[PDB]
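>>> need a structure here:
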Amino acid sequence: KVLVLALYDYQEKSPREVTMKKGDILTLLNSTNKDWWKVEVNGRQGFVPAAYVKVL
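Numbers count the residues shown, from 1 in each chain. I have put the structure below:
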């Protein structure tokens with residue numbers, strides 16, 4: 001699975017989102033949507049804005 005780096009803090013704002021801290025290394029689960037990527041952040045999966053992460 002592909003890793004992505006959180007470029008920005010993001011606090012979840014909806015039930016399917018997840019929170020990430022800048023600098024976090026997230027496992028990319030689903031990047032099919034242009035705007036929201038499903039990621040795994042420690043022990044949690046959910047969506048964050050695609051723009052706020054960078055594929056490694």
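
>>> Neighbours of residue 37, how many?
23 (other Cβ atoms under 10 Å). For every residue, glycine as well, the C-beta is placed using N, CA and C.

>>> What distance do you get for it to residue 56?
Using Cβ to Cβ, to the nearest Å, residue 37 is found at 13 Å from residue 56.

>>> Need the overlap of contacts for the two.
Common contact partners of residue 37 and residue 56 (Cβ atoms under 8 Å, 6 or more residues apart in numbering): residue 4.

>>> what's around the nearest residue in space to residue 51 that is not next to it in sequence, how many residues?
In space, and not counting its chain neighbours, residue 51 is closest to residue 35: 7.5 Å by Cβ to Cβ, 6 or more residues apart in numbering. Other residues near residue 35 come to 8 when the count uses other Cβ under 10 Å.

>>> ok, now residue 1?
9.

>>> One more: residue 54?
Using other Cβ under 10 Å, residue 54 has 11 neighbouring residues.

>>> same question, residue 29
Using other Cβ under 10 Å: residue 29 sits among 14 other residues.

>>> these two touch, right, it and residue 45?
Yes - between residue 29 and residue 45 there is a contact at 6.1 Å, judged by Cβ atoms under 8 Å.

>>> can you list residues touching both of the two?
38, 39.

>>> And the strands in this protein?
Ranges of strands within the chain are 3-6, 25-30, 36-41, 44-49, 53-55, based on DSSP state E.

>>> Out of these, the one nearest residue 14 is which?
Of all these, strand 44-49 sits nearest to residue 14, with 8.0 Å by Cβ to Cβ.
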